[PDB]
Number of protein chains: 8
Amino acid sequence: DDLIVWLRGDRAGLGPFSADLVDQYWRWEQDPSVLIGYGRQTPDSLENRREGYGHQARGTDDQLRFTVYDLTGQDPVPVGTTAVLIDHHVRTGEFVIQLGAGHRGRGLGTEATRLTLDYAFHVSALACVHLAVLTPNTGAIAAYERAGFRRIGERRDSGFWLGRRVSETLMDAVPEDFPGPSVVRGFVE
Amino acid sequence: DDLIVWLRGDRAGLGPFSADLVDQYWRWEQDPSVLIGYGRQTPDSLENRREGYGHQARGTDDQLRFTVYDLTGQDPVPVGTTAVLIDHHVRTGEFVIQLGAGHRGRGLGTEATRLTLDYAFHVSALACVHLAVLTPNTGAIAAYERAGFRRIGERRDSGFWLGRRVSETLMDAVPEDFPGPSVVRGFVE
Amino acid sequence: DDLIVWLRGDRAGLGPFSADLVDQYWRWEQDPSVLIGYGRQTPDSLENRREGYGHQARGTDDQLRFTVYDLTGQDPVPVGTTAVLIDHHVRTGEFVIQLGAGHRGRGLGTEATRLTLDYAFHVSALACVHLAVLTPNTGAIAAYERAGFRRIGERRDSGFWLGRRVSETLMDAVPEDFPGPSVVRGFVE
Amino acid sequence: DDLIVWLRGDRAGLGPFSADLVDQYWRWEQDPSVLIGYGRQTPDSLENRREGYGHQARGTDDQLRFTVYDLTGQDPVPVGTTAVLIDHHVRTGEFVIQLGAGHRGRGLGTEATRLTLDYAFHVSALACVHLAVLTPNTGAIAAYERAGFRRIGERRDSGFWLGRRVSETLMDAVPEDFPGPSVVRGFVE
Amino acid sequence: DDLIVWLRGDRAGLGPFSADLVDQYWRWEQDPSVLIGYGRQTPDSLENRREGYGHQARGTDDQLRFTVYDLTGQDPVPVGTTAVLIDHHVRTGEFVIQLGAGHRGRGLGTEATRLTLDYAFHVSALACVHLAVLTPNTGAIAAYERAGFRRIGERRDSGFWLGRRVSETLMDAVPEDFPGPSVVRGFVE
Amino acid sequence: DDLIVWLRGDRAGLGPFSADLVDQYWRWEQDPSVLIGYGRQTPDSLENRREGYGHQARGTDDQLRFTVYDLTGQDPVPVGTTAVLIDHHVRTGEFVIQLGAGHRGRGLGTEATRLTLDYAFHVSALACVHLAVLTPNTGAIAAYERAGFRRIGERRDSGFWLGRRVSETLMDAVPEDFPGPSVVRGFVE
Amino acid sequence: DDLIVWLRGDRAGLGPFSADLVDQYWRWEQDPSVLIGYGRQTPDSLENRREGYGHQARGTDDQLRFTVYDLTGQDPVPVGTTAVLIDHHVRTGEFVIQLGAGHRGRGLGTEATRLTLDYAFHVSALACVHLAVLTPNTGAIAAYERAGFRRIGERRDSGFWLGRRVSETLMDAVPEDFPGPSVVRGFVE
Amino acid sequence: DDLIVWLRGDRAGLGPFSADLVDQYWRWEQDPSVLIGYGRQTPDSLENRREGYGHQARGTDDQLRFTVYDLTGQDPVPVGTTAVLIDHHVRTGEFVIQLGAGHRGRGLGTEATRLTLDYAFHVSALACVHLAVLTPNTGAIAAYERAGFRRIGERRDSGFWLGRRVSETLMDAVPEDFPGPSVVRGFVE
Ligand SMILES: CC(=O)SCCNC(=O)CCNC(=O)[C@H](O)C(C)(C)COP(=O)(O)OP(=O)(O)OC[C@H]1O[C@@H](n2cnc3c(N)ncnc32)[C@H](O)[C@@H]1OP(=O)(O)O
Ligand SMILES: CC(=O)SCCNC(=O)CCNC(=O)[C@H](O)C(C)(C)COP(=O)(O)OP(=O)(O)OC[C@H]1O[C@@H](n2cnc3c(N)ncnc32)[C@H](O)[C@@H]1OP(=O)(O)O
Ligand SMILES: CC(=O)SCCNC(=O)CCNC(=O)[C@H](O)C(C)(C)COP(=O)(O)OP(=O)(O)OC[C@H]1O[C@@H](n2cnc3c(N)ncnc32)[C@H](O)[C@@H]1OP(=O)(O)O
Ligand SMILES: CC(=O)SCCNC(=O)CCNC(=O)[C@H](O)C(C)(C)COP(=O)(O)OP(=O)(O)OC[C@H]1O[C@@H](n2cnc3c(N)ncnc32)[C@H](O)[C@@H]1OP(=O)(O)O
Ligand SMILES: CC(=O)SCCNC(=O)CCNC(=O)[C@H](O)C(C)(C)COP(=O)(O)OP(=O)(O)OC[C@H]1O[C@@H](n2cnc3c(N)ncnc32)[C@H](O)[C@@H]1OP(=O)(O)O
Ligand SMILES: CC(=O)SCCNC(=O)CCNC(=O)[C@H](O)C(C)(C)COP(=O)(O)OP(=O)(O)OC[C@H]1O[C@@H](n2cnc3c(N)ncnc32)[C@H](O)[C@@H]1OP(=O)(O)O
Ligand SMILES: CC(=O)SCCNC(=O)CCNC(=O)[C@H](O)C(C)(C)COP(=O)(O)OP(=O)(O)OC[C@H]1O[C@@H](n2cnc3c(N)ncnc32)[C@H](O)[C@@H]1OP(=O)(O)O
Ligand SMILES: CC(=O)SCCNC(=O)CCNC(=O)[C@H](O)C(C)(C)COP(=O)(O)OP(=O)(O)OC[C@H]1O[C@@H](n2cnc3c(N)ncnc32)[C@H](O)[C@@H]1OP(=O)(O)O
């Protein structure tokens, strides 16, 4: 009962960024695959994440932070995190996502991204959500395309993939391109 | 016995803004339906609400904060919160209200608003209580009209409803329009 | 040359909220006619205004503050102040205005309000600008109507006019109702 | 002699971000045309810019700030500012530029951007410089293309131009696409 | 389960710099053989190491710190520490390593250094990793050569070995010289 | 008379790091040629150098800082700076040097480096002075070789020269290789 | 197992300056015989020693502090303390030693001093260790001579022995005079 | 008249450590010959000496600091500094002295040392004054011997002279060996 779920899809759900899961967040974020995908170069320390959680909690006015839940089992189980950094001046947000090691390839990222778009469009009233993703990270590309993002173009020589200088793909999503039924509309009506 | 009730109506009651219910207040306020109705765009964090409760408690000179109780059962059960921000210079207040997910449609909002008007008129000696409500939120409109509010007009393009730009309805209530018997008069006489 | 002018109309102009004019701002704001029109009940002290100017200058992210200039003479002469309090979450702002004692009835308020609407619509990208004005203040009503505001309705018994309890008129303006040519479009094109 | 010039082109030059010009920087940055082009919605206050200059000066490890000079006259005259925010983890920077009101259309922006690219590529050893520009700002588009930037694509509905929701163009530049002779190579050899 | 392992080789592995092992780190670092090899002249105090651990944890942006694990047994057992001090301006790092007294000569240092090179090249995207080692410390020389380092030369009279003034050997490693299969590539692909 | 000179050679001299020359030090250090030679990527701000001078002055226990003087004229004129960072544990120091734009190629760097070696060997009693220099910086190589440094080797891919990844040359000097007469011996005997 | 031993001789050993033994250190140091031998005139208080231990632990860069162990029994038992105050500028240290009341005359001081010399010469790379000892303290003289110290001379009238003004003997030791096998060489080879 | 003189000999005198001469003290102390003689390895900064003067002035309970005066001219002229660090527990002090560059070889050091001994013996009531001097510094040896010091012995390999490891000579002086008439006795009788 402690694990609150706000948005419930068919396969995934979103809930708040609970403080009981800060060590799990640290372990997910310091996985080498996530470091490669994000492009972070150094692991962070657990003490520093524990300290940073308080500042993350205080600064919530222009930031969405969710814990994604796998709803295929009897009870929800957290599988990753999603975040949108909101710029209230232009109604846009920047989207990032990562899942745990054992939860990838099962589709949870696609519906997690779709639910994040639903929340950002229909609760936050954002006009555009955009992301930057390293070009070789093709799985994320496909997940974002099916979630509702569209390709803008490639920013040449702007990241490292396994030490090699590679481009990164810029993608964006707009409310009129949002696929599938919206859970938030079900909440309101 | 810990749950203090000040005003007791037929279906609802009002009591103080107890500190034992801060987590319940957070869970009510972060529900997506309440976020849509209020027009808030980002969830707040539990730590930030816990911190803010102390400041809310200290600043009570020009602020009413109540917990609404359902009195239909054997014991009172809290179902929502009501607040009036008081401007002592002109004897007016701004009214907001929200209930929990499972308590809507049973009428508790109407008598909660009516009791809030009774307290604001007959204890706080306010000359006018007003509110701003998004136009598509028709249930709140009907509840406010039966509680004692009257429509002023529509403020065009001043809010978002499911990402769509919509108007909001301005309403106000005056003591000479207060319907039904007053509990506070029963307290005094 | 010290008096910077950003927007130049036919009769009026807008510039920044200069620190050399804080005493003039205090004298304008403490005039009994402005106190009656705004509904403020006590004069403020010059020391307190001098202290507050620094905090006003620091907090500029969601606030417009202009000094209105009379451009009918050889050089600009400041005649009043205009302000818009911006709510970035919904792209709306609340508008207030006052002129000095000897500058009223010459039309400067109308073009000052119109230029403020031009700036708020075409630079700040606001969807709605609204105001609250005491009903007996009919001159302000006419000035706002010709500037581009439209009447919403009356909030009953929500202010004092010469000690008498009176209503206040709510007005709003939208970009599609903005009259006349826009100076900002001339800046851009 | 006080105006230091580091890079000297045919028409323009770059020098340090001198503290004697903070008021001129404020006046340039608060011009309505620059506010429209950048997409900033509120003017900043002179006191706040004066305070911020110290923090800008202290934080120079990952930030380039230049004052652009017009070298067509007998002595250099500052005409604008250029900045690159450096991300040392991936050797990339984000580029912004603005000129004063009377210096546009004379070409100074093109060589200012080209010299900024020369410095960023050949002194800072950056692999990619990128920018975000509102689509209707076509003059900046042409200036950036001739300076050495190439178009990536359009980020849909991510900015306001005169209150209208418009897209913004993403551009980037790489060392192998840098046009013309490099001044920095002349410094070294 | 508390002992996290990120990189797993055949004989060794790398994990985070856990706080539960600060006393073990102190005992390893104060061993006379490690003091001779590093060239440190005075033992450090346990209280000072306990204090320093917090500062080491906070400063992780340009520093790699690993605990090396022996994976030959049923469960991982920590045997030493490796560190890379990163200079993000030029994509280079300085490498140091020490093992516990009973774990030397079994090969763990070679694969620990190789895995550190793998992480530094393929996650941190470093172009060069270099080290300084006292010339008489021939075992470390052989371990570094087989791990992937190459000899640069000798810095004359720049260290003490058992009180005698001796030279130190400078070595470096580049990605194109990295031997053997990379674990990180297995993580990504 | 204010310009103190400690060591006087035939062409050059060394004196203390006077506070009257902090702006001249800033202008020398921010020259693009010095930034290329040192490998620094961003200019520093004058305010930050002025602040840092106090901390540089306080920390003199393990640091040599000199201003080099040209003694060919009637009076000494400062032409550059030299520094040695001392590690008292092993009696070694790291050497850096830069001259002003108009003073290079006249030989002053060679005798400045030689006098710095004389001071470091015969006053500081250092056993080894070493340096790191980018390989394409051949003039510095020749100056250091004639001053008394000897080549160790090349550290591959450890710096940028005009944006290109290049190696850097490691050099060292020992007292028994110190060429020419020593001024310090003249001071003592 | 808590009692760490670094250097192990035939009769004695040296380990770190453990915090569990601060009261034992106080009791040893306040013994009247140690006060006479050192020449201290007043006892120190236990609270002051407990406070000072933290500062002693923090300042370890130029200070050796050991606890001497008697290794004749089954387990090590601490019998005294040895200290060397290091001057890193000239590679010299000043040596002091005291044992507990019941451990003198059994030889432990001689090997404790010899092991301290071994550590100071072969780990700290000191060129000279010296001491000052009151002339009537003949037992310490003999112990120091057999440990490896040689007599310099007598500093006349520079101490008190039982209230009488007496001279103190100055002694020093150099690596080339170090007697017996070195444990540290066994650690390294 | 500002230059106070306490002790007046035939050729030299001693006075207080005036604050008007802090820059002259810095210039004397940073002369390379004084650095060689004392054995200091790095010059100190003028700001640091100016800061340290206040702390030197406050701590005068166990410290003598004099400015030596040349009394051969019409008025006293300061030529150096002398200091005695007093250990009140045993009535002993450690003596140091340096003169300016142009005042050596004229005998002023001998009478300055003799007057310092007179003050230390007959005002401070010290039983022994001692010094440590590098062995090659033979002029200081002769000056100290004629002033009243006697040789104790040589501390082997405890200093550097022009980079060479040399011994230092230990000397001491006692009241019964004080040569010549005492000025202080003339003050008292
Ligand atoms: C915003 C940024 O900066 S990008 C950073 C992204 N974060 C990371 O990469 C960290 C590690 N990766 C992850 O956490 C996750 O993989 C995410 C969040 C990127 C989402 O990836 P997934 O959850 O696996 O996508 P998902 O599981 O919904 O399925 C995506 C589709 O991509 C396709 N796909 C998967 N892998 C590959 C591949 N290697 N190549 C091509 N296509 C692939 C599959 O068809 C898959 O459909 P299916 O798995 O449902 O059958
Ligand atoms: C002040 C502001 O800014 S408005 C913010 C209001 N807060 C929220 O909307 C948060 C979510 N909603 C709520 O918490 C509650 O619904 C409140 C506080 C608005 C009150 O709503 P309710 O308590 O359901 O009104 P209530 O239950 O007293 O009945 C209201 C009447 O509205 C009518 N009504 C209910 N839903 C609808 C609807 N979708 N359409 C039209 N009419 C409706 C019904 O006839 C109902 O009568 P009944 O339910 O007693 O039979
Ligand atoms: C936002 C709020 O809370 S309302 C607070 C308003 N502030 C104040 O009232 C302070 C004192 N008043 C003022 O500073 C100014 O009068 C303002 C800012 C309200 C603007 O008023 P004005 O500048 O005089 O309006 P303006 O001069 O542009 O002309 C307005 C028109 O109103 C009409 N008008 C003026 N007075 C009256 C009146 N007493 N009755 C009816 N109509 C009138 C006139 O036709 C006039 O047209 P004209 O003067 O150009 O010929
Ligand atoms: C990075 C960002 O976020 S974009 C923010 C850009 N900043 C601003 O827009 C603030 C206001 N504008 C400016 O300060 C300047 O115009 C800059 C910095 C954008 C550069 O613009 P300019 O300096 O005028 O470009 P420049 O003068 O070098 O010439 C650019 C070319 O664009 C072309 N051009 C100019 N105006 C237009 C126009 N309205 N439509 C189409 N093309 C145009 C011309 O052919 C011109 O060539 P020319 O003027 O040398 O004959
Ligand atoms: C970066 C610096 O500043 S150097 C500081 C290094 N740190 C230290 O020296 C502290 C003490 N030493 C250690 O901790 C470890 O010995 C390390 C980290 C240096 C690595 O040494 P090792 O782990 O023993 O190397 P490793 O075990 O992988 O084998 C190295 C090879 O060197 C060779 N080798 C070992 N000892 C010697 C020796 N005395 N002489 C010559 N060759 C030797 C062996 O052939 C060995 O192969 P093998 O042991 O697998 O059969
Ligand atoms: C320690 C480090 O990190 S290296 C950083 C060095 N700093 C810099 O490079 C900043 C800019 N450069 C300088 O300040 C100076 O050039 C220094 C300090 C490097 C010294 O260079 P110089 O003072 O010119 O050397 P110097 O003048 O004594 O003469 C050096 C010799 O190099 C030779 N030389 C000069 N230029 C070149 C060249 N481009 N190619 C080959 N050889 C050259 C000449 O024969 C010259 O002899 P000469 O000039 O007396 O006839
Ligand atoms: C550094 C300074 O300032 S000196 C301060 C020294 N500290 C103290 O004196 C405090 C009290 N004393 C002590 O703690 C210890 O006695 C120490 C540390 C000085 C060492 O003294 P010891 O450990 O007894 O010397 P040790 O036991 O190794 O033997 C020394 C030799 O001196 C000789 N000796 C002992 N006592 C005397 C004596 N009274 N007269 C002459 N010779 C003596 C013996 O032959 C002895 O050989 P042996 O005891 O092995 O048979
Ligand atoms: C306490 C310490 O740590 S020692 C540090 C001493 N400080 C310094 O050395 C700094 C530089 N030197 C000085 O400041 C001064 O020389 C001092 C303070 C050491 C005193 O030296 P002086 O004042 O020259 O001694 P003084 O002038 O009184 O005469 C000393 C005698 O030494 C003899 N002497 C002088 N130089 C030499 C020499 N190179 N070799 C042998 N004998 C010499 C002379 O016979 C001289 O007699 P005279 O000069 O009166 O005819």
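Caption draft 1: Geometry of the UniProt feature "binding site: CoA" (unreviewed entry) in chain A. All names here are of chain A. Within the UniProt annotation, "binding site: CoA" (unreviewed entry) is assigned to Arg 11, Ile 97, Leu 99, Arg 104, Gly 109, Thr 110, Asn 137, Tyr 144 and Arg 146. The largest pairwise C-alpha distance within this set of annotated residues, which runs over 136 residues, is 22.9 Å, so the set is dispersed in three dimensions. Relative to the helices and strands, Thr 110 resides in helix 4 (residues 108–122). Aside from chain neighbours lying at most four places away, what touches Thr 110 is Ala 143, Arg 146 and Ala 147. Inspection of the secondary structure assignment puts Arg 146 in helix 5 (residues 138–147). For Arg 146, a relative accessible area of 58% corresponds to the exposed category. If near-sequence neighbours (up to four positions away) are discounted, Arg 146 is found in contact with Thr 110 and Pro 179.

Caption draft 2: Spatial organisation of the site of ligand 8. All names here are of chain H. In the vicinity of ligand 8 lie 23 residues, with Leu 99, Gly 105, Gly 107, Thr 110 and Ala 132 positioned nearest. Between ligand 8 and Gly 107 there is a distance of 3.0 Å, counted from an oxygen atom to a backbone nitrogen or oxygen. Within the contact set of ligand 8, an oxygen atom lies 3.3 Å away from a backbone nitrogen or oxygen of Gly 109. Protein contacts shield 70% of the accessible area of ligand 8, which totals 980 Å² for the unbound molecule. For the shell around ligand 8, the elements supplying multiple residues, two or more each, are helix 2 (32–38), strand 5 (92–99), helix 4 (108–122), strand 6 (128–134) and helix 5 (138–147). Counting residues per element, the shell around ligand 8 draws most heavily on helix 5, which supplies seven residues.

Caption draft 3: Representation of the sheet that holds strand 5 (residues 92–99) of chain E in the model. Residue and element names in this part refer to chain E. Spatially, eight strands are ordered 1-2-3-4-5-6-8-7 in an open sheet, and the strand pairing comes out mixed. This sheet does not close on itself; its edge strands, each paired only once, are strand 1 (7–8) and strand 7 (150–161). Strand direction decides the pairing type here: strand 2 (residues 12–15) and strand 3 (residues 63–70), joined by four bridges, are antiparallel. Counted as the bridge partner of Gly 15 is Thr 67 from strand 3. Sitting on the sheet, helix 4 (residues 108–122) touches strand 1, strand 2, strand 3, strand 4 (77–87), strand 5, strand 6 (128–134) and strand 8 (164–173), and the angle it makes with strand 2 is about 45°.

Caption draft 4: Quick look at the pairing of strand 7 (residues 150–161) of chain A. Residues and elements named next belong to chain A. Here strand 7 pairs with strand 8 (residues 164–173) via eight bridges, running antiparallel. Note on strand 8: the bridge partner recorded for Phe 160 is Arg 165. The turn linking strand 7 back onto strand 8 is made up of two residues, and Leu 162 within it adopts a positive phi angle of 55°.

Caption draft 5: Structural view of the site of ligand 3. All names here are of chain C. Not every one of the 23 residues close to ligand 3 is listed here, only the nearest: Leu 99, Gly 105, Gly 107, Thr 110 and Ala 132. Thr 138 has a polar side-chain atom sitting 3.1 Å from a nitrogen atom of ligand 3. With the chains in place, 70% of the 990 Å² that ligand 3 exposes on its own is no longer accessible. With seven residues, helix 5 (residues 138–147) is the largest single contributor of residues to the shell around ligand 3. Tallied by class, the residues present in the shell around ligand 3 amount to twelve nonpolar, eight polar and three charged.

Caption draft 6: Spotlight on the arrangement of the chains. No part of chain C reaches chain E; the closest C-alpha pair between them is 31 Å apart. Between chain C and chain G there is no contact, and the shortest C-alpha to C-alpha separation is 44 Å.

Caption draft 7: Fine view of the interface of chain E and chain D. Listed by partner, the interface residues are four residues for chain E and four residues for chain D. Taking both sides of the interface into account, the surface hidden between chain E and chain D amounts to around 420 Å²; carbon and sulfur atoms contribute 47%. In terms of surface lost to chain D, no three residues of chain E exceed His88(E), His89(E) and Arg91(E), which account for 89% of the buried area on that side. For the pair chain E and chain D, the number of links is zero salt bridges. Scanning the region where chain E abuts chain D turns up two residue pairs in polar contact. When grouped by side-chain class, the residues that make up the side of chain E that touches chain D number no nonpolar, two polar and two charged.

Caption draft 8: Spatial organisation of the pattern of salt bridges. All told, the structure shown has 56 salt bridges over all chains when counted by the stated rule. Between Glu145(C) and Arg151(C) there is a salt bridge, and its shortest N-O distance comes to 3.2 Å. Across the salt bridge formed by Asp70(H) and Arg106(H), the nearest N and O atoms sit 2.3 Å from each other. Residue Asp70(H) is located in strand 3 (residues 63–70), and its partner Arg106(H) is located in the loop between strand 5 and helix 4; the two are separated by 36 residues in the primary sequence. Classification of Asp70(H) as buried rests on a relative accessible area of 3%. For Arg106(H), a relative accessible area of 33% corresponds to the partly exposed category. It is possible to trace a salt-bridge network through shared partners that takes in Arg156(A), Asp172(D) and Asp177(D).

Cut-off values and rules
- Residues numbered from 1 in each chain as written, not as in the entry; some residues may be left out.
- Chains lettered and ligands numbered in written order.
- Part of a larger assembly, values for the part shown.
- Heavy atoms only, no water.
- UniProt positions renumbered as here; feature names shortened; annotations may be inferred.
- Helix = DSSP H or I, 4+ residues; strand = E, 2+ residues; numbered from the N terminus.
- Contact = heavy atoms within 4.5 Å.
- Buried < 20%, exposed > 50% of the residue type's maximum accessible area, 1.4 Å probe, protein only.
- Near = heavy atom within 4 Å.
- Polar contact = N/O pair within 3.5 Å; in protein donor to acceptor, adjacent residues only side chain to side chain.
- Areas by Shrake-Rupley, 256 points an atom, 1.4 Å probe, with all protein chains shown as cover.
- Pairing = 2+ DSSP bridges.
- Axes fitted to C-alpha atoms, helices over the stretch in contact; angles between N-to-C directions.
- Nonpolar A, V, L, I, M, F, W, Y, C, P; charged D, E, K, R; others polar.
- Buried area = accessible area lost by both parts, 1.4 Å probe.
- Salt bridge = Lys/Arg side-chain N within 4 Å of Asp/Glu carboxyl O.

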